[PDB]
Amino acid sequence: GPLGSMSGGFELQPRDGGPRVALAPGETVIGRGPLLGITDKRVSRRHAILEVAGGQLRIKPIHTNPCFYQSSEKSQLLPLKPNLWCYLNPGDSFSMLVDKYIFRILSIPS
């Protein structure tokens, strides 16, 4: 029959060892601001959107200054396509600059 609901939450782990950030259900706009403590003026205050729903995490870059993605299996942060949602797997990383503000996706309970 019908599959029903799926749970599962997410946390961001900064590559530089800063504190982890748990994500709320639904959409969270990320970028320069107090949530992640990013202050570099090259990151927009409305840089990307993250969405947690149904046990999945997706990201959408929303600024001309891009976001980057590194699959857990690979070794280079590469640009994400502008303005498109992309699912992120636990263990993957994304970043707000090519070489700074890099976060690994961890799986946690909802």
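Sequential numbering from 1, following the sequence displayed.
Between 30-38 and 51-59, it is 30-38 that carries the larger average Cα temperature factor according to the deposited entry. When the mean C-alpha temperature factors of 42-50 and 65-73 are read from the deposited coordinates, 65-73 comes out higher. Per the PDB record, residue ranking by Cα B-factor puts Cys86 in the lowest third of the chain.
The deposited CA B-factor of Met96 belongs to the lowest third of values across its chain.
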